[PDB]
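Next up is one chain by itself, shown in structure tokens, the form deposited in one PDB entry.
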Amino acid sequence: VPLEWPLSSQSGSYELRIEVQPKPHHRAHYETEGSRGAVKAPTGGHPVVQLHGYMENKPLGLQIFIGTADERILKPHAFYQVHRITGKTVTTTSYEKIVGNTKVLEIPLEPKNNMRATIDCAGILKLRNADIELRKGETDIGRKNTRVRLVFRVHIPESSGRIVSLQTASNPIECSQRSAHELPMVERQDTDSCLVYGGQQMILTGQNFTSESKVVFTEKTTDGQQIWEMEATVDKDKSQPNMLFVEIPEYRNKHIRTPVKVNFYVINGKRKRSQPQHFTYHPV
């Protein structure tokens, strides 16, 4: 009965499975924000849980709560609470209740549905560390502890007064926001010059090169006044996290007799840009 307690997902001819695991990440929401929705599956759908081996005809109650991911044996995560998702499109009916300091949702597992359930009313609230730590008793730390597991459990009543209690966890779920863009960083370039017609393909080696990354060639005066800007073409295909394939643009002045020294940088999004790289254009 108590939340934190060793339980297997299967006993005798009874087995509780996560037929459909949730996504790896799921930014949780604060009480001061709206809701950020329910935990979804990679497919775009939702997780699914099921109880195999049931003979009876009386529906059961599937219990849901946010637990820990760390090594230690499963226990309610003191910094997260399942958030009950209501209507709008929610299909599984759900009841909400507290258990100690843990909120717990409970949807029905009706046999008319092979004791299968589509968890799509489960969201993830995030308590404020300060609020919890300060609690007299808790000796845990919220700081940097932002992973969880959807814990599902069903209690199977036996016509023998006995009760078989099964429990099941989802794969770990990361619940913190993750920056949309990383800072690009060019460490090496297989080209440092080339004729003004450009054309050739240059390969950059660095970090955080997403497929959206872009490359810009510029040239400015000692003043700082930019007197030339040209975006360079990238070989999306070959492009990888650590390597970049670009097509050195044509320089602005076809006919030059002196080598021209220009600049270029990779950029992710509207801000995250690496730093000025050097290149040179040689006379025809």
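A residue's number is simply how far along the shown sequence it sits, counting from 1. Only the largest set of C-alpha atoms that superpose within 1.5 Å between the two forms is called the rigid core.
- In this entry, 156-164 shows the higher mean Cα temperature factor of the pair 156-164 and 176-184.
- Comparing the deposited coordinates for 132-140 and 99-107, the stretch with the larger average C-alpha B-factor is 132-140.
- Looking only at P42, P241, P249, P47, the residue with the top Cα B factor in the deposited structure is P241.
- The PDB entry gives the largest Cα B-factor of the residues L51, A28, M55, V215 to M55.
- Annotation for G37: C-alpha temperature factor in the lowest third relative to the rest of the modelled chain, per the entry.
- For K88, the recorded CA B-factor ranks within the highest third of the chain. Only modelled residues enter the ranking.
- Remark: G67 belongs to the lowest third of its chain, ranked by C-alpha B-factor as recorded.
- When all modelled residues of the chain are sorted by CA temperature factor, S274 is found within the middle third.
- For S94, the recorded CA B-factor ranks within the highest third of the chain. Only modelled residues enter the ranking.
If you look for the form deposited in another entry, you will not find it shown, but the lines that follow are about it.
- The residue among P76, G142, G206, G123 whose Cα moves by 2 angstroms or more between the shown form and the other one, once the core is superposed, is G206.
- In the other form, the CA atoms of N268 and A41 draw together by 3 angstroms or more relative to this form.
- Relative to this form, in the other form the C-alpha atoms of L183 and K144 separate from one another by 3 angstroms or more.
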